[PDB]
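Enquirer: Following this message is one structure expressed as structure tokens.
In this analysis, Cβ positions are derived from the backbone assuming ideal geometry, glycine residues included, and neighbour counts consider all displayed protein chains. What follows is calculated from the coordinates using simple rules that are stated; it is not laboratory data.
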Amino acid sequence: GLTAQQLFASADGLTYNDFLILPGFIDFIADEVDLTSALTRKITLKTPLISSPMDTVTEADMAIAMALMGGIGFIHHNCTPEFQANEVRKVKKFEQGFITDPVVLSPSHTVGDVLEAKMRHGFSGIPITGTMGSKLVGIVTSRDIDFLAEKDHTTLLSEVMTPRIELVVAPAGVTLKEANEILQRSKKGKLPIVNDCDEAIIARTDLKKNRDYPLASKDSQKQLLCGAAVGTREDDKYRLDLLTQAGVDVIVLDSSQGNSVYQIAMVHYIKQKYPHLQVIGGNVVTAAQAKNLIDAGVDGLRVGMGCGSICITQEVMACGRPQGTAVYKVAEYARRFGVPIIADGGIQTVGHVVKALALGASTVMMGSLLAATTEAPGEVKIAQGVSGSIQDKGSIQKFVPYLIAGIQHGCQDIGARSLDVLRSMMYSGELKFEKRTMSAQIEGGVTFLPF
Amino acid sequence: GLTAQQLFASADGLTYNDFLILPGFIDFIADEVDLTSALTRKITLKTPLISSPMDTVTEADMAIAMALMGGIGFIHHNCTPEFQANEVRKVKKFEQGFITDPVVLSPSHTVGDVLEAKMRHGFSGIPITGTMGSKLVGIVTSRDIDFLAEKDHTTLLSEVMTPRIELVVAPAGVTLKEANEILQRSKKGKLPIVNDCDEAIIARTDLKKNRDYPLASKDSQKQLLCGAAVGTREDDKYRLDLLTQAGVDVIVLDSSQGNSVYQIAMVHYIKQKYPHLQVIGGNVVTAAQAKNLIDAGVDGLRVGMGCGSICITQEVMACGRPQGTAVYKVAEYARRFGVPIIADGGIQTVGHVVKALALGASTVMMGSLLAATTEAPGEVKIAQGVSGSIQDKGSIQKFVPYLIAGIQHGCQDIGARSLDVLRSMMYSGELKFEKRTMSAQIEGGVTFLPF
Amino acid sequence: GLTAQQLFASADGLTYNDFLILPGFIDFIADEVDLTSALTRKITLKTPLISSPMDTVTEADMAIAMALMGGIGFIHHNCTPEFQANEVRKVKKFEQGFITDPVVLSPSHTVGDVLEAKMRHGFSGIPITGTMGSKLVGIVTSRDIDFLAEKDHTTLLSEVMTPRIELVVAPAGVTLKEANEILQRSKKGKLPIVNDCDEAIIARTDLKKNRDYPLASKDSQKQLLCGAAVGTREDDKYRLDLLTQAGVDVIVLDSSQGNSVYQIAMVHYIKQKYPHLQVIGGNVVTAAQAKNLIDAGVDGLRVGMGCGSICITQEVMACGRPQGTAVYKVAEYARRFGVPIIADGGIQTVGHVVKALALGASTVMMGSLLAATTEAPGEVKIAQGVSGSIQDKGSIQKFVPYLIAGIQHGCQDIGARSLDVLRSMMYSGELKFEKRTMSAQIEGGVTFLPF
Ligand SMILES: NC(=O)c1ccc[n+]([C@@H]2O[C@H](COP(=O)([O-])OP(=O)(O)OC[C@H]3O[C@@H](n4cnc5c(N)ncnc54)[C@H](O)[C@@H]3O)[C@@H](O)[C@H]2O)c1
Ligand SMILES: NC(=O)c1ccc[n+]([C@@H]2O[C@H](COP(=O)([O-])OP(=O)(O)OC[C@H]3O[C@@H](n4cnc5c(N)ncnc54)[C@H](O)[C@@H]3O)[C@@H](O)[C@H]2O)c1
Ligand SMILES: NC(=O)c1ccc[n+]([C@@H]2O[C@H](COP(=O)([O-])OP(=O)(O)OC[C@H]3O[C@@H](n4cnc5c(N)ncnc54)[C@H](O)[C@@H]3O)[C@@H](O)[C@H]2O)c1
Ligand SMILES: Nc1nc2c(ncn2[C@@H]2O[C@H](COP(=O)(O)OP(=O)(O)OP(=O)(O)O)[C@@H](O)[C@H]2O)c(=O)[nH]1
Ligand SMILES: Nc1nc2c(ncn2[C@@H]2O[C@H](COP(=O)(O)OP(=O)(O)OP(=O)(O)O)[C@@H](O)[C@H]2O)c(=O)[nH]1
Ligand SMILES: Nc1nc2c(ncn2[C@@H]2O[C@H](COP(=O)(O)OP(=O)(O)OP(=O)(O)O)[C@@H](O)[C@H]2O)c(=O)[nH]1
Ligand SMILES: Nc1nc2c(ncn2[C@@H]2O[C@H](COP(=O)(O)OP(=O)(O)OP(=O)(O)O)[C@@H](O)[C@H]2O)c(=O)[nH]1
Ligand SMILES: Nc1nc2c(ncn2[C@@H]2O[C@H](COP(=O)(O)OP(=O)(O)OP(=O)(O)O)[C@@H](O)[C@H]2O)c(=O)[nH]1
Ligand SMILES: Nc1nc2c(ncn2[C@@H]2O[C@H](COP(=O)(O)OP(=O)(O)OP(=O)(O)O)[C@@H](O)[C@H]2O)c(=O)[nH]1
Ligand SMILES: Nc1ncnc2c1ncn2[C@@H]1O[C@H](COP(=O)(O)OP(=O)(O)OP(=O)(O)O)[C@@H](O)[C@H]1O
Ligand SMILES: Nc1ncnc2c1ncn2[C@@H]1O[C@H](COP(=O)(O)OP(=O)(O)OP(=O)(O)O)[C@@H](O)[C@H]1O
Ligand SMILES: Nc1ncnc2c1ncn2[C@@H]1O[C@H](COP(=O)(O)OP(=O)(O)OP(=O)(O)O)[C@@H](O)[C@H]1O
Ligand SMILES: O=c1[nH]cnc2c1ncn2[C@@H]1O[C@H](COP(=O)(O)O)[C@@H](O)[C@H]1O
Ligand SMILES: O=c1[nH]cnc2c1ncn2[C@@H]1O[C@H](COP(=O)(O)O)[C@@H](O)[C@H]1O
Ligand SMILES: O=c1[nH]cnc2c1ncn2[C@@H]1O[C@H](COP(=O)(O)O)[C@@H](O)[C@H]1O
């Protein structure tokens, strides 16, 4: 076949469908290939898959799911800054380990107020001055509240709490694993971490979820990694603070055409106000474009212009690049400076994901391929997109594993035991390509139900 | 408008789409109308809706769901008798109240065996001679087993059980509400009901589910009502016993054409071997047909021939009846002997359900309208059906409430405050009808998403 | 429901799809219903089904098949009279019992001539003056000829015949059953029936075929009943003789509109030149039309005008009648004089056949429904038909039994144990009908594969 360099020296407009990969020597099982990949210069993920920040794709629910499956979710603009910050708060509060700021109450409150807290925040389990300085009086939970009816709005916590002397508690200074051990071998669900003066909390739901989700992408504090997209205008500097107060780990600068003085200024702003925050540059399709955002200190580069399944940018603008050529030509340069690429748009099926991953992309952000799932949101001003529709596609819980299995099988029967080794062979020529004619693409095709 | 008698005196082939109902005097809210209806002569349901016993509709999962929503599910033939009995067992074991036959173990077993029981039967909580005579040694549960790894298959229950002296227990003789009270005000999930000699169990999951499902159709023992369809041949008499050992409450005799000596013999067999079982006659579309099955002592009558969304019986047979005319003409006679009718086939939307309910049907069985949901099964020999397909329709949990809301709104704006009063007015003329021409049906029609 | 008289008193244009039959009391198995029916006043058939004489439906092969399945075949006009007579000869020679005119040879012939006879006539087994007066010299057959190669065209029958002294033979005067017994208990295939002077033949193939085809419609001489369609012009009187020399049993007078002086003249000609030949009148759709052909002495009446699946007669002519109304109104009168009716055109599926049989038709003739089968032929001048096409439909051997099964099931679940009792009930009101609206026909409908 043809090496990547020889394939892309043709100067043709090679998208993904314009070439294939010649298979290799299988030497391992379909479940042994490692999918480890980097979302950012200082964030590593188990699943290279990402969810694109669009109004009908990525909100708190999709971010929760995609962080549980080892990926990540980026939240969108079509909402108020307060709404975006609230969604990020939900994402980071889904699974938390140390519950350092419970929904605390004072013994003067009422079971009706406990029910109100259950509705508004979701938790029926809340410890009972009503601040993070109160020596425990007790705890309330579903098993203390549930049977009460017609009397909740008139019953003090006095009649239903658990007096602390009956509680099991732990000291302030024990590590998380030790607190988990004390919780596990206490046959109870909540272990308040208390100070020597008797003034955080760890739950069992977090451990059950750690069981249920082996690949969940968690931070150093056992909270789901979350990201957010911040614009380039002046107003964006209040949105950025309102959200970074929520602790977003990575931000993608949202812009159709990335290379500009404006995004460079926004970078120089972020990388000087919050030096520990990780940034992703704007959509570039050229090494000359990416040079500026790399010199600006950016840690990752979104790649793709006009190749979206919902994007008519080429039609309306006469600018862009073929998807696969852009991805290869940009990643071959970004790789020189440790900057992950993200192939955005153009991905219709798992073969496209595998092609993009082999072409240099350290991760892959997808849009419409993830839309219409049960977790997705919903049930002059020249335009650049179409208000399309997609058929129902089920839950991410069932869908993402299909993609992971497909990528692993592809790596198996292409001969790569890891997504790093795959790229190594590609950049060393041990992996081979061949172009496809329209008749060949016709040949390679055809009630289909993969699961 | 036209009374029901005057409408059906026309002798025309009036299906549901061939007439409408003139609205009346609204005097109440959309949520005040009562939907109480009888599935059988001695079974009353909260939701008149039923799920038809077909290979791609009704299995254990669908029956569980439809019993939770106040309806009922009938299990099909396309499987072994053992499979059908197992499915009925699952349905009756989903929510049980008194757990009279737990998955009991002996202290000589192993945590690996507890995990095996969790996988095969589903419960991780099981009490520990290992029979229903053992004085309790302890109990095991997720909070006793979960943290164990690489040692489960070599650890006796000695290291992990809860010694009984630490357990809370109750005496044998307390009523279910008292046992529930002791469980609720003990802050624990399992209360073994023990004899005075210290040799059943009630869980908290049943009470949580009773909270979550107010309208769940439960028997006198707090187990979901379940049904099964048994044929008419000689072999069916072993299937009938193998399933009635599971405690099916109601049986529908499955046959295209009901009136026959064969179904009469099967009736006379059931109603003399298991006199307490309730039977539903075969598909009849005529009062003369229904006379025989009524005199045979049957308690309910399935109605509908050739009107199924997947049925080509008229095309292949030249026999049947128009759906609405059959339903009215048969129910007007069955009503004379307290026998509920079931309108089967011909129902595409909620208006059809409302029409059938107004026409006399005490309940309504549906096929394709419920197919393709997340809960449904799957992902010469002259034929009478087609292997069709349906688009995804989501979960029953979300779908059935749409139907209940629609039927309630229909009753509201037709002026009926209950499904009994609706039928009373219909049979007394206070409810009025009018025929529709093809142009009128064209007029009354038209991206649609009801929820 | 509605009696036939009340249904057809509506004066509407009721085709088959415009009403249904209400079911009744099943009292027997699906294979117990008798399908005996009369093709003509003096021909009774086991299978009411007939094949219509059209260029693309009925030739020798189709007639052979449809006579084997208990029906009959009528041969067409689109060919020379010699061709039609030859086709009838093939039909009557397919299975023959007494082979009274074998392909006889003289011992001076050659094995090459035996092969030539095998190719031209089909039989490799022929007895060896070479006329029906020769005292047998021997017989030749595949087992005497097959191994010979490169020498067949130069070998006399002397080297290969079976000398008569080695043959088993029977006397002239034995009945067919006795000769068959002698053949069966002789362990050989051909038994020459010889005169006392030692000057017919029976094969084992005829007995094997009598085994394989229990319902085959055979004449009094064990030859397949065959028919032919003869025009009404002057030239047709030579075609009639050229074919009646072949022994056609029944003739259908082919004409779009039957009632005319020309067809009456043709009747009066046939019924006076060949008084033993049975005739079928021209297409009538009215009792006033049928009166003339009945008084002309006709023995059967083809019914149907403009209702063919390939006929545009109404469109081009403004004349005809609705199919079901015509069939009922004509058969109710013809029945008065023992004349079978034949419902032609309008039968799309088995339900149509059942409806027609219930309506009075003693038989039914089909066109396109039988076209495209493996047995069918092929692989100003105002027009009245269209050169349409049909999808492949398999062999008659498999397809006819499906129709028998369907008609029998229809009779079962409509409550008729015989096609005579069905008609008797219909004419006495024990069978009931109901009209269908367009919405009802829409309801009763829907990858379908009946076998
Ligand atoms: N990459 C793709 O495939 C693609 C294609 C089309 C659209 N999109 C997405 O749709 C959106 C379109 O981005 P956009 O750049 O058009 O929107 P934008 O909000 O960044 O800006 C819109 C217009 O204002 C300009 N602008 C940017 N920052 C400005 C500032 N601070 N002051 C003044 N003008 C400023 C832009 O150059 C552009 O002309 C983004 O979400 C983009 O990612 C993506
Ligand atoms: N009413 C409708 O809308 C409709 C239409 C078509 C099919 N169906 C369903 O499809 C199936 C078809 O039922 P069916 O009656 O054809 O199937 P079946 O298994 O009851 O019997 C098939 C055939 O055998 C006969 N039969 C019945 N019991 C028999 C016995 N004990 N011994 C011998 N023969 C016996 C029947 O009369 C029929 O001819 C059923 O599930 C029926 O409900 C329903
Ligand atoms: N039954 C149906 O639904 C239907 C409808 C249309 C056509 N067909 C078939 O197509 C063909 C059409 O028949 P057709 O009557 O048009 O053809 P035909 O050859 O019988 O006669 C054609 C014309 O000649 C006339 N004619 C017939 N015999 C005559 C005679 N002896 N002397 C003088 N004139 C004579 C007829 O009246 C007609 O005008 C037949 O095979 C008919 O059965 C059937
Ligand atoms: N309470 C609690 N403990 C956690 C959570 N996540 C990890 N831990 C604990 O932190 C330690 C990490 O163990 P791992 O097996 O590596 O856990 P993991 O979350 O699957 O993997 P990592 O994210 O790589 O740590 C153990 O003591 C875990 O019980 C969490 O969400 N809640
Ligand atoms: N109580 C509490 N839980 C929090 C908070 N923030 C995040 N969580 C997470 O809430 C998750 C579920 O804990 P709980 O709400 O107690 O769940 P539970 O044990 O099923 O309790 P109930 O909701 O009473 O049924 C855990 O993963 C916690 O990390 C917080 O402020 N308070
Ligand atoms: N443990 C347990 N108790 C139950 C169950 N169903 C009902 N009960 C108890 O039986 C009594 C019935 O109370 P209801 O409010 O009528 O319960 P429901 O199941 O919603 O309604 P019904 O089915 O009409 O009894 C109460 O004491 C319930 O707690 C069940 O599944 N499990
Ligand atoms: N233990 C037990 N439960 C049963 C049995 N049959 C039905 N159940 C039902 O199982 C349901 C769930 O109870 P549990 O198994 O305790 O569920 P849980 O409290 O979530 O406990 P885990 O399954 O250990 O997580 C209840 O509604 C019981 O009625 C049985 O034989 N044993
Ligand atoms: N020999 C012969 N058979 C005839 C004739 N007319 C009809 N048949 C039929 O031919 C059919 C087949 O008989 P055979 O020709 O002997 O068939 P076979 O036994 O397979 O013999 P081979 O053709 O030699 O293989 C029988 O059903 C006969 O009735 C005729 O003139 N001669
Ligand atoms: N050689 C020969 N004998 C036949 C044929 N048909 C019937 N026979 C004989 O004639 C007698 C009639 O027996 P049946 O059982 O009535 O035969 P069938 O053809 O199945 O039925 P029928 O047509 O009613 O005579 C028996 O002696 C048969 O062997 C035939 O095609 N060939
Ligand atoms: N540390 C503790 N020591 C003693 N009792 C406690 C402690 N924490 C909570 N409790 C009380 O005992 C129960 C401990 O179990 P847990 O906190 O998991 O309850 P829960 O949330 O109701 O369980 P579930 O949600 O699974 O029904 C609580 O319901 C509660 O009222
Ligand atoms: N009657 C009892 N008295 C004392 N301890 C009990 C009793 N029944 C069970 N236990 C032990 O204490 C716990 C009681 O809570 P429960 O039975 O609901 O646990 P669980 O099923 O693990 O809860 P969950 O499934 O909601 O996490 C069990 O985990 C168990 O091992
Ligand atoms: N009456 C007879 N007596 C003795 N031999 C006979 C007689 N008729 C035919 N034969 C010879 O013996 C064989 C008798 O069997 P039969 O006539 O069925 O042969 P066949 O047609 O070759 O059989 P098949 O076609 O099944 O292979 C013939 O092949 C033949 O040459
Ligand atoms: O509204 C729009 N107009 C044009 N391009 C868009 C729009 N919204 C998102 N995009 C881009 O198109 C991508 C979607 O690619 P997809 O995975 O093929 O759906 C996004 O990740 C953005 O880069
Ligand atoms: O396979 C089949 N052939 C013909 N009728 C069927 C078949 N299966 C089920 N039916 C009938 O058709 C009904 C389905 O009606 P639906 O609600 O309109 O789908 C069932 O309840 C049965 O009465
Ligand atoms: O060429 C034609 N033009 C008009 N009618 C025809 C023609 N050929 C046959 N017919 C009639 O149409 C019938 C076919 O009916 P079918 O079974 O519905 O195909 C035949 O039996 C004839 O009565």
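Enquirer: For region B:310-355, give me each residue that is under 17 Å from residue B:287 (Cα atoms) and among the hydrophobic types (A, V, I, L, M, F, W, C). Even if it seems obvious, please write down each step before you answer.
Expert: Residues of region B:310-355 under 17 Å from residue B:287 (Cα atoms): B:319-344.
Residues satisfying the conditions are B:319, B:326, B:327, B:330, B:331, B:334, B:337, B:339, B:341, B:342, B:343.
Enquirer: Answer yes if at least one residue in region B:277-286 is under 13 Å from residue C:444 (Cβ atoms) and within 8 Å of chain C (Cβ to nearest Cβ), and no otherwise.
Expert: The first filter runs over region B:277-286 and keeps only residues under 13 Å from residue C:444 (Cβ atoms), leaving B:285.
Those still in the list that are within 8 Å of chain C (Cβ to nearest Cβ) too: B:285.
For region B:277-286, residues under 13 Å from residue C:444 (Cβ atoms) and within 8 Å of chain C (Cβ to nearest Cβ): present.
Enquirer: Here's something else I'd like to know. Would you point out which residue out of B:304, B:282 is in contact with a strand residue (DSSP E or B) (Cβ under 7 Å, 6 or more places away or on another chain), buried (at least 22 other Cβ atoms within 10 Å of the Cβ) and over 23 Å from residue B:18 (Cβ atoms)?
Expert: After applying the criteria, what remains is B:282.
Enquirer: Taking the stated definitions as given, is residue B:354 more than 14 Å from chain C (Cβ to nearest Cβ), under 20 Å from residue B:425 (Cα atoms) and in a loop (DSSP other than H, G, I, E, B)? Walk me through how you get there before you give the answer.
Expert: Details: more than 14 Å from chain C (Cβ to nearest Cβ): yes; under 20 Å from residue B:425 (Cα atoms): yes; in a loop (DSSP other than H, G, I, E, B): no.
Spelling it out, it is not the case that residue B:354 is more than 14 Å from chain C (Cβ to nearest Cβ), under 20 Å from residue B:425 (Cα atoms) and in a loop (DSSP other than H, G, I, E, B).
Enquirer: Looking at (1) away from ligand 11 (no atom under 16 Å from the Cβ); (2) part of a helix (DSSP H, G or I), which is the one condition that is false for residue A:148?
Expert: It is condition (2) that residue A:148 fails.
Enquirer: Scan region C:410-451 residue by residue and report those that are of a type outside the set (A, V, I, L, M), in a loop (DSSP other than H, G, I, E, B) and over 22 Å from residue C:15 (Cα atoms).
Expert: Quick first cut of region C:410-451, residues of a type outside the set (A, V, I, L, M) only: C:410-413, C:415, C:417-418, C:420, C:423-424, C:427-430, C:432-437, C:439, C:441, C:443-445, C:447-448, C:450-451.
When the remaining residues are screened for being in a loop (DSSP other than H, G, I, E, B), the result is C:415, C:417, C:429-430, C:432, C:436-437, C:444-445, C:447-448, C:450-451.
Selection gives C:415, C:417, C:447, C:448, C:450, C:451.
Enquirer: Okay, next question. For residues that are among the small types (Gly, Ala, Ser), within 19 Å of residue B:411 (Cβ to Cβ) and more than 13 Å from every other protein chain (Cβ to nearest Cβ), tally how many sit in region B:315-350.
Expert: Keep residues of region B:315-350 that are among the small types (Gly, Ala, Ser), which gives B:318, B:320, B:324, B:326, B:331, B:334, B:338, B:343, B:345-346.
Remaining after also requiring within 19 Å of residue B:411 (Cβ to Cβ): B:324, B:331, B:343.
Add one more test, that the residue is more than 13 Å from every other protein chain (Cβ to nearest Cβ), and what stays is B:331.
Residues that pass the stated criteria total 1.
Enquirer: Within region C:364-395, how many residues turn out to be within 14 Å of chain B (Cβ to nearest Cβ) and under 15 Å from the mean Cα position of the chain (by Cα)?
Expert: 1
Enquirer: Return the residues of region C:423-436 that are within 12 Å of chain B (Cβ to nearest Cβ) and buried (at least 20 other Cβ atoms within 10 Å of the Cβ); say none if nothing qualifies. First the steps, then the outcome.
Expert: Restricting attention to region C:423-436, the residues satisfying the condition of being within 12 Å of chain B (Cβ to nearest Cβ) are C:430-436.
Those that are within 12 Å of chain B (Cβ to nearest Cβ) and buried (at least 20 other Cβ atoms within 10 Å of the Cβ): C:431, C:432, C:433, C:434, C:435, C:436.
Enquirer: Where the second residue is of a type in the set (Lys, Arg) and the first is more than 17 Å from residue C:19 (Cα to Cα) and lies in region B:319-338, which pairs have Cβ atoms under 6 Å and are six or more apart or on separate chains?
Expert: As it stands, the answer is B:338/B:41, since those pairs meet every condition given.
Enquirer: For region B:1-51, give me the residue count where each residue is more than 14 Å from chain C (Cβ to nearest Cβ), of a type in the set (S, T, N, Q) and surrounded by 20 or more Cβ atoms within 10 Å (Cβ to Cβ). Step through it out loud before you land on a result.
Expert: First, pick out the residues of region B:1-51 that are more than 14 Å from chain C (Cβ to nearest Cβ): B:1-6, B:21-51.
Pick out the ones that are also of a type in the set (S, T, N, Q) and you get B:3, B:5-6, B:36-37, B:40, B:44, B:47, B:51.
From what's left, surrounded by 20 or more Cβ atoms within 10 Å (Cβ to Cβ): B:37, B:40, B:47, B:51.
Residues flagged as more than 14 Å from chain C (Cβ to nearest Cβ), of a type in the set (S, T, N, Q) and surrounded by 20 or more Cβ atoms within 10 Å (Cβ to Cβ) within region B:1-51 amount to 4.
Enquirer: Do we have residue A:245 as out of contact with any strand residue (DSSP E or B) (no Cβ under 8 Å at 6 or more places or on another chain), more than 14 Å from chain B (Cβ to nearest Cβ) and closer than 30 Å to residue A:134 by Cβ here? Step through it out loud before you land on a result.
Expert: Details: out of contact with any strand residue (DSSP E or B) (no Cβ under 8 Å at 6 or more places or on another chain): yes; more than 14 Å from chain B (Cβ to nearest Cβ): yes; closer than 30 Å to residue A:134 by Cβ: yes.
Yes: the conditions hold for residue A:245.
Enquirer: Which of the residues spanning region A:396-422 are more than 16 Å from residue A:46 (Cα to Cα), out of contact with any helix residue (DSSP H, G or I) (no Cβ under 6 Å at 6 or more places or on another chain) and more than 14 Å from chain B (Cβ to nearest Cβ)?
Expert: Once the filter is applied, which keeps residues that are more than 16 Å from residue A:46 (Cα to Cα), out of contact with any helix residue (DSSP H, G or I) (no Cβ under 6 Å at 6 or more places or on another chain) and more than 14 Å from chain B (Cβ to nearest Cβ), region A:396-422 yields A:409, A:412, A:413, A:414, A:415.
Enquirer: A further question follows. What number goes with the only condition from (1) assigned to a loop (DSSP other than H, G, I, E, B); (2) away from chain B (no Cβ under 14 Å) that residue A:168 does not pass?
Expert: (2)
Enquirer: Something else about it: Assess whether residue B:334 counts as being over 24 Å from residue C:30 (Cα atoms), more than 16 Å from ligand 14 (Cβ to nearest atom) and crowded, with 24+ Cβ neighbours inside 10 Å. Lay out the reasoning, then the answer.
Expert: Numbers: over 24 Å from residue C:30 (Cα atoms): yes; more than 16 Å from ligand 14 (Cβ to nearest atom): yes; crowded, with 24+ Cβ neighbours inside 10 Å: yes.
It is true that residue B:334 is over 24 Å from residue C:30 (Cα atoms), more than 16 Å from ligand 14 (Cβ to nearest atom) and crowded, with 24+ Cβ neighbours inside 10 Å.
Enquirer: Out of (1) away from chain B (no Cβ under 14 Å); (2) within 16 Å of ligand 4 (Cβ to nearest atom), what's the single condition that is false for residue A:116?
Expert: Answer for residue A:116: the failing condition is (2).
Enquirer: Okay, next question. Within the group A:178, A:159, which residue is within 16 Å of ligand 4 (Cβ to nearest atom), surrounded by fewer than 18 Cβ atoms within 10 Å (Cβ to Cβ) and among the acidic types (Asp, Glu)?
Expert: The conditions single out A:178.
Enquirer: A follow-up question, please. In region B:183-205, what residues are within 20 Å of residue A:140 (Cβ to Cβ) and either within 16 Å of ligand 1 (Cβ to nearest atom) or not polar (S, T, N, Q) (or both)?
Expert: Initial filter on region B:183-205 (within 20 Å of residue A:140 (Cβ to Cβ)): B:183-189, B:204.
Listed by number, the residues that qualify are B:183, B:185, B:187, B:188, B:189, B:204.
Enquirer: Moving on. Give me a count of the residues in region C:367-386 that are within 28 Å of residue C:407 (Cβ to Cβ) and touching a helix residue (DSSP H, G or I) at 6+ places or on another chain (Cβ under 8 Å).
Expert: Final tally of qualifying residues: 6.
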